[PDB]
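Input: a single structure, listed below in structure tokens.
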Ligand SMILES: CC(=O)O[C@H]1C(=O)[C@@]2(C)[C@H]([C@H](OC(=O)c3ccccc3)[C@]3(O)C[C@H](OC(=O)[C@H](O)[C@@H](NC(=O)c4ccccc4)c4ccccc4)C(C)=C1C3(C)C)[C@]1(OC(C)=O)CO[C@@H]1C[C@@H]2O
Ligand SMILES: Nc1nc2c(ncn2[C@@H]2O[C@H](COP(=O)(O)OP(=O)(O)OP(=O)(O)O)[C@@H](O)[C@H]2O)c(=O)[nH]1
Ligand SMILES: Nc1nc2c(ncn2[C@@H]2O[C@H](COP(=O)(O)OP(=O)(O)O)[C@@H](O)[C@H]2O)c(=O)[nH]1
Ligand SMILES: [Mg+2]
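Chains as they are written, first to last, in the UniProt record's numbering: chain S, 4 to 357; chain Y, 1 to 433; chain W, 1 to 440.
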């Protein structure tokens, strides 16, 4: 259960550049550091992660990572593992305005594009190249939102009813009557994404006007089949690529409201804790076979706590691979949000400070 | 002013509710006719926790008796305290459930559930601040079981910040009273584990053992067992009513006991017991009370807590007692029995004291433990489940009512998952590979 | 003039307030109802001392305190008890469910909706005062109402009221004896708020008082009342300087000046020398030297620490009763020569002396015996670091496996905040080890 954690910093936006803002993030090698504007004289906080990505300006001859570099680091290997008949999971995290949309999607200039467009383009190009008389391929897409431990369909324009989760004894957890649509190239894996994003639940709080309120899961089911020169033709190769947009954590102080606005956040925080523990187990499990060969006991990772793990069971365990990317805001104003994101990233394969 | 609502589904739940209400009415000094005749004003200091006022200065209890067999309602209404409950809360149907979970969850319960939800919503709106719910049912059922689980799910969906308790009776290992018991038990436990914060474990065999060996009774009946369960429930709910040197709210118990959200099954107990003739020789002190508290025979779940390594424990005390005895005794019990406790909690015992003792006793104690040994119950049921599922012993009577096969396998998988989570914190060290 | 407006938060605060106000009312002759026959008998005086009470036209006397809590069962006992006519009806009890030992609930899910009214009532009380030399906040670590509400109230008060002193009397969980399984979480969370706002916070441990009551007083089976009585006597000894005449009086600012060497080490201990029962009251001279020597006895300390394993930064003594300065100087000289009580190199004076002519009063019933002398010893000790370390270890044993985190997380607290508070505690420990090292 390979785990990779990457922390990226976005450049200044229009609002930050309009004011006389300052940068409070420094990064070198494989280490990140922040300084508190409130009390500059105490000490700089430091953390270590598996990947660090500085992105402020173009030339930046020391420690600059274009989108191609991070794609080659994470997405290319993830897709390569996907093709050989295995499950794949990619997580995005970051507070509102941290720039997770910049990381995953990017701009449409065809020179700086995110992980999703690059991955989809490489997938469709490889499928188009390899499709000979024997091989054949199929791809299916679905999109859903998890919200107060209830699952809703974003693609279907039907009534926003709560679907029922089931456990097929062979195929594992799944959702009943979840909309599924066929796709053929990149143009489609988007219009679907835009339509699903338009339907997501969202409200306004004291922190931001358009702060999200629910987790989103984007499932790509990839099926292969090989037509041999005989009657015995079987697929035997079904892969799942999961892309999870995780809503940000929040304090009850920042969410200065009572009632539903509190409740959602509380439940959100619960998921944002338990998933951490699960991945905190996998990484440790991953270290077992790797170095000390600890196999004794399934060490059954707790898996049913909430719904978000109990639906991604097949994708996050077994022999799958997991990447997680956390966006940071370099503005001095958002010190607490950045510190919270960095501390959350510090979990899930903690690494000492070198 | 904290306030808790009570529901009782099935024959066992209704009988336990009647005995519980007769016990609480005696403790608070309520007459059968509904009038008040007490000895001190302190009883009425917090009467709102279970009762409601009336125009004639009467006190009407808060209960919703639900059942599908009119015979139990007729028996209860003609009992010693039959008239105490207001008539409108007696909601019921006919044709029974027939000891079938499918009839009591999908076919017949769908009609009475609407009326029960209307009544419980009306009751909940009337309280000043709802704290939680209580539900009583026997798992090996089909009337109480299915409707109880349905009400649990509906109430959890509607009110999601109120500690929903449940005092339930599960199948015994050897003393079997019905043939389709494991199916109902497994389905109901699957529907129960995800929709409750604190559920207690009562076994008929344990109550019979307590009645025989300890109380030295000759011919026990259902009344004695209902008494024990009522005593335990009152004790559990004690701290909300009367003051004390240190109190234990229900949410305090919920926050302190359960370590992780899943693991919420509790093993209860009550002390002391003199067996009607040893009271003259037995000395009532805190060390003797706690010594009988942790003894295995007192326990009401039929799971010996010697293979368990207690995860957590709470002890609600009732009486005027110096706390030094309580604290030193708890520390001594921890240190002397270190092998029967977990190491990654530094100290794992909570205490609470109420100054007002029970009428007719100088001091009493109520035990609410949480130990891994409860797996020995669940696993047993699981074994019997497969023993009747491999060949489909009586599976057709459930598919007749529109229940698919997948729902049984899902419940069994959840059962095995619960057993395995219990089991991880059961070996007395890791240091392994 | 010389007011000491006090706040009680939590059940520990309420019980300690009961004991404290019983002691004060018995000291000043205030009847439980509020009337004062003593001044009327005298025919003009100042027995309605402003340090703890306020006087109205009709001869009644109202105390200056609040009893904020979330459990009505704790305050209704006082509301309908023997003292029902003394307090103002604004005892400010919340009619809502308890916080259930959860720091987050006591901070920003149910601790809110009350804090505005509490601050308003505190403002109304303080408006009547031309003094207001210091706040007294009693609480107990353990979460729920106490720690969370104390943290919020201190955070608001430090902003609103500026530089006025704020003494805290905090009950601390014992190493071996505990009454909650989420106590270490709550204490490690509450340090992050008590460190940066409380100017000088004391500490008292239950197990220490249990041992002291077992040994000295021959009380085999003590209860909460005796512990509250001892804490009441300690606070009375501290605050006696502001009310009665004395040869060498010490104000609250003197405590805040002498006992704190640096801002981050303002965590002293306390004790009480003549804690002697009636039967043993005789057969002992109880000279000034003997009680002063008994103050530093390790077995009588009010928190389970070993002062032999540390060094004394500063010490302040407050004597009550017939104690002349010559004997005090002789006792100080005799104490300073022993090498068991090691002193730091950078504080060669290391003592503050104080005398009050009012002898201690005896609460009826109770346990203490009448003594014509007494002394309250406060000292800053490095050994208190040990008292943290054990608690810290408990936290480090429980936070790793993620136990009881779901309840806290589901009430508005982010997971990361824990670590921040933990780091701060470590910093405090390091600071103590930085100060006790000998100079080059
Ligand atoms: C005469 C006398 O005092 O003897 C005791 C007695 O011997 C013991 C054994 C009693 C007795 O209980 C039993 O024999 C018993 C039978 C079946 C199941 C459980 C118990 C007693 O029957 C039960 C009875 O309890 C009460 O009266 C309480 O109020 C009890 N309520 C009732 O059950 C009740 C009894 C009579 C009339 C109305 C109600 C209660 C206690 C706590 C909380 C709620 C309710 C008491 C004191 C005794 C007898 C009579 C022997 C005990 O019961 C309780 C809960 O008090 C059993 O464990 C206690 C310990 C007592 O020492
Ligand atoms: N010394 C002393 N300690 C007390 C007293 N009352 C309560 N405590 C302490 O309070 C702790 C319980 O936690 P608290 O937060 O104070 O309880 P509470 O004030 O009722 O608030 P909740 O915990 O939310 O119920 C115990 O560990 C006790 O040590 C008292 O009267 N005297
Ligand atoms: N503890 C207890 N259990 C009971 C009592 N009466 C019946 N039971 C249990 O209840 C189970 C029967 O379930 P039941 O409620 O009758 O189902 P129903 O007939 O469909 O309502 C049996 O396994 C009995 O052991 C009682 O008085 N006390
Ligand atoms: Mg409380």
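A virtual CB, placed ideally from N, CA and C, is assigned to each residue, including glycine.
Beta-carbon proximity of residue 224 of chain Y to residue 217 of chain Y, cut-off 8 Å = Translated into the one-based positions of the second chain, residue 224 of chain Y becomes position 224. Translated into the one-based positions of the second chain, residue 217 of chain Y becomes position 217. In this structure, residue 217 of chain Y lies closer than 8 Å to residue 224 of chain Y by Cβ.
For residue 176 of chain S, does the three-state DSSP call read helix, strand or coil?
-> Taking the first chain and counting its residues from 1, the one referred to as residue 176 of chain S is at position 173. The answer is strand: DSSP assigns residue 176 of chain S an E or B state.
Of the choices Y:337, Y:310, Y:272 and Y:338, whose alpha-carbon is the least far from that of residue 318 of chain Y?
-> Position 318 of the second chain, counted from the start, is the residue given in the question as residue 318 of chain Y. Here the closest residue by C-alpha is Y:272.
Straight-line CA distance for residue 327 of chain W to residue 289 of chain W?
-> Working through the third chain from its first residue, we reach residue 327 of chain W at position 327. Working through the third chain from its first residue, we reach residue 289 of chain W at position 289. So the two alpha carbons sit approximately 7 Å from each other.
Does residue 406 of chain Y get closer than 8 Å to chain S when you measure Cβ to Cβ?
-> Here residue 406 of chain Y is taken as the residue at index 406 of the second chain, counted from 1. Yes, residue 406 of chain Y lies at the interface with chain S (some Cβ there is under 8 Å from its Cβ).
Regarding residue 256 of chain W and ligand 4, is the C-beta to nearest heavy atom distance less than 7 Å?
-> On the third chain, position 256 is the one that residue 256 of chain W refers to. No, Cβ of residue 256 of chain W sits at least 7 Å from all heavy atoms of ligand 4.
Specify the secondary structure class of residue 115 of chain S as computed by DSSP and reduced to three states.
-> Position 112 of the first chain holds residue 115 of chain S. Three-state result, residue 115 of chain S: coil.
Do you know offhand how far residue 44 of chain Y's Cα is from residue 81 of chain W's?
-> As a position in the second chain, residue 44 of chain Y is number 44, starting the count at 1. As a position in the third chain, residue 81 of chain W is number 81, starting the count at 1. Taking the straight line from one Cα to the other gives about 16 Å.
Cβ of residue 96 of chain S within 8 Å of any chain W Cβ | What you label residue 96 of chain S is simply residue 93 of the first chain in a count that begins at 1. Cβ-Cβ to chain W under 8 Å: no for residue 96 of chain S.
Just how far apart, CA to CA, sit residue 401 of chain W and residue 344 of chain Y?
-> Residue numbering aside, residue 401 of chain W sits at position 401 when the third chain is read from its first letter. Residue numbering aside, residue 344 of chain Y sits at position 344 when the second chain is read from its first letter. About 8 Å.
Status (buried if at least 16 other CB within 10 Å, exposed otherwise) for residue 390 of chain Y = Taking the second chain and counting its residues from 1, one reaches residue 390 of chain Y at position 390. Flag for residue 390 of chain Y reads exposed.
DSSP state of residue 325 of chain S, grouped into three classes?
-> Taking the first chain and counting its residues from 1, the one referred to as residue 325 of chain S is at position 322. Three-state result, residue 325 of chain S: strand.
Taking only runs that begin and end inside the stretch 9-65 of chain W, name each unbroken beta strand (DSSP E) of 3 or more residues, in chain order.
-> 53-55 and 61-63
With a cut-off of 8 Å, does the C-beta of residue 41 of chain S fall near any C-beta of chain W?
-> Within the first chain, the letter at position 38 stands for residue 41 of chain S. Chain W contact via Cβ: absent.
Cross-chain neighbours of residue 409 of chain Y in chain S, by beta carbon under 8 Å | Here the question's residue 409 of chain Y lines up with position 409 in the second chain. Chain S residues near residue 409 of chain Y: 170 and 172.
Answer yes or no: does any C-beta atom of chain Y fall closer than 8 Å to that of residue 270 of chain W?
-> The count along the third chain starts at 1 and reaches residue 270 of chain W at position 270. Residue 270 of chain W does not count as touching chain Y.
Grab me the residues of residue 27 of chain W's own chain with a C-beta within less than 6 Å of its C-beta, minus the 5 sequence neighbours each way, in chain order.
-> In the third chain, residue 27 of chain W corresponds to position 27, counting from 1. Correct list, in chain order: 361.
In chain order, which alpha helix (DSSP H) runs of at least 4 residues are fully inside the stretch 149-231 of chain S?
-> 189-201
Please list, following the chain, all residues that have a C-beta closer than 6 Å to any non-hydrogen atom of ligand 3.
-> Y:10, Y:11, Y:12, Y:15, Y:97, Y:99, Y:138, Y:140, Y:141, Y:142, Y:143, Y:144, Y:169, Y:177, Y:178, Y:204, Y:222, Y:225 and Y:226
Would you verify that the beta carbon of residue 111 of chain W is, or is not, closer than 8 Å to some beta carbon of chain S?
-> By 1-based counting over the third chain, the position of residue 111 of chain W is 111. No, because no Cβ of chain S sits closer than 8 Å to the Cβ of residue 111 of chain W.
Partners in chain Y for residue 176 of chain W, counting only beta-carbon separations shorter than 7 Å = Your numbering for residue 176 of chain W matches position 176 in the third chain. Within chain Y, the residues near residue 176 of chain W are 331.
Should residue 285 of chain S go down as buried or exposed, given a rule of 16 or more other Cβ atoms within 10 Å for buried?
-> Along the first chain, one-based indexing puts residue 285 of chain S at 282. Its Cβ being crowded by 16 or more others within 10 Å, residue 285 of chain S is buried.
Contact test: residue 145 of chain W Cβ vs ligand 4 heavy atom, cutoff 7 Å | Taking the third chain and counting its residues from 1, the one referred to as residue 145 of chain W is at position 145. Residue 145 of chain W Cβ: within cutoff of ligand 4.
Less than 8 Å between the CB atoms is what I'm expecting for residue 92 of chain W and residue 62 of chain W, so what's the real figure, rounded?
-> Here residue 92 of chain W is taken as the residue at index 92 of the third chain, counted from 1. Here residue 62 of chain W is taken as the residue at index 62 of the third chain, counted from 1. About 15 Å; that fails the 8 Å criterion.
Within chain Y, the residues that residue 308 of chain S reaches when beta carbons sit closer than 8 Å = Taking the first residue of the first chain as position 1, residue 308 of chain S is located at position 305. Per Cβ cutoff of 8 Å: 260, 261 and 262.
Find the nearest neighbour of residue 123 of chain W within the set W:66, W:138 and W:439, judged by alpha-carbon distance.
-> Residue numbering aside, residue 123 of chain W sits at position 123 when the third chain is read from its first letter. Ranking the options by Cα distance to residue 123 of chain W, first place goes to W:66.
Assuming residue 89 of chain S contacts residue 323 of chain S (C-beta within less than 8 Å), just tell me the rounded distance between them.
-> Walking along the first chain from the start, residue 89 of chain S turns up at place 86. Walking along the first chain from the start, residue 323 of chain S turns up at place 320. Yes, residue 89 of chain S and residue 323 of chain S are in contact; Cβ-Cβ is about 6 Å, under 8 Å.
Within its chain, find whatever has a CB closer than 6 Å to the CB of residue 13 of chain Y; leave out the 5 residues flanking it on each side and keep chain order.
-> For the purposes of this step, residue 13 of chain Y is taken as residue 13 along the second chain, with counting starting at 1. 136, 137 and 144.
Reduced DSSP secondary structure (H/G/I, E/B, other) of residue 95 of chain W | As a working mapping, residue 95 of chain W is identified with position 95 in the third chain. Correct three-state label for residue 95 of chain W: coil.
Could you tell me the distance, in whole angstroms, from the CA atom of residue 351 of chain Y to the CA atom of residue 256 of chain Y?
-> Counted from its first residue, the second chain places residue 351 of chain Y at position 351. Counted from its first residue, the second chain places residue 256 of chain Y at position 256. The alpha-carbon atoms of residue 351 of chain Y and residue 256 of chain Y are separated by roughly 11 Å.
Can you give me, in chain order, the residues of the stretch 117-151 of chain W that have a beta carbon less than 7 Å from any beta carbon in chain Y?
-> none
Can you give me the Cβ contacts of residue 246 of chain W inside the same chain, cut-off strictly under 7 Å, excluding the 5 residues immediately before and after it?
-> In the third chain, counting from the first residue as 1, residue 246 of chain W sits at position 246. Same-chain partners within the cutoff: 355, 356 and 357.
Ordered list of alpha helix (DSSP H) runs contained in the stretch 210-242 of chain W, each at least 4 residues | 224-239
Beta strand (DSSP E) runs wholly inside the stretch 379-422 of chain W, at least 3 long, in chain order = none
Is it right to say residue 177 of chain W is buried, meaning 16 or more other beta carbons lie within 10 angstroms of its own, or is it exposed?
-> Along the third chain, one-based indexing puts residue 177 of chain W at 177. The residue in question, residue 177 of chain W, is buried, as its Cβ has 16 or more Cβ neighbours within 10 Å.
Nearest-angstrom Cα separation, counted from residue 363 of chain W out to residue 36 of chain W = Locating residue 36 of chain W in the third chain gives position 36, where the first residue counts as 1. Locating residue 363 of chain W in the third chain gives position 363, where the first residue counts as 1. Looking at the two C-alpha atoms, the distance is approximately 18 Å.
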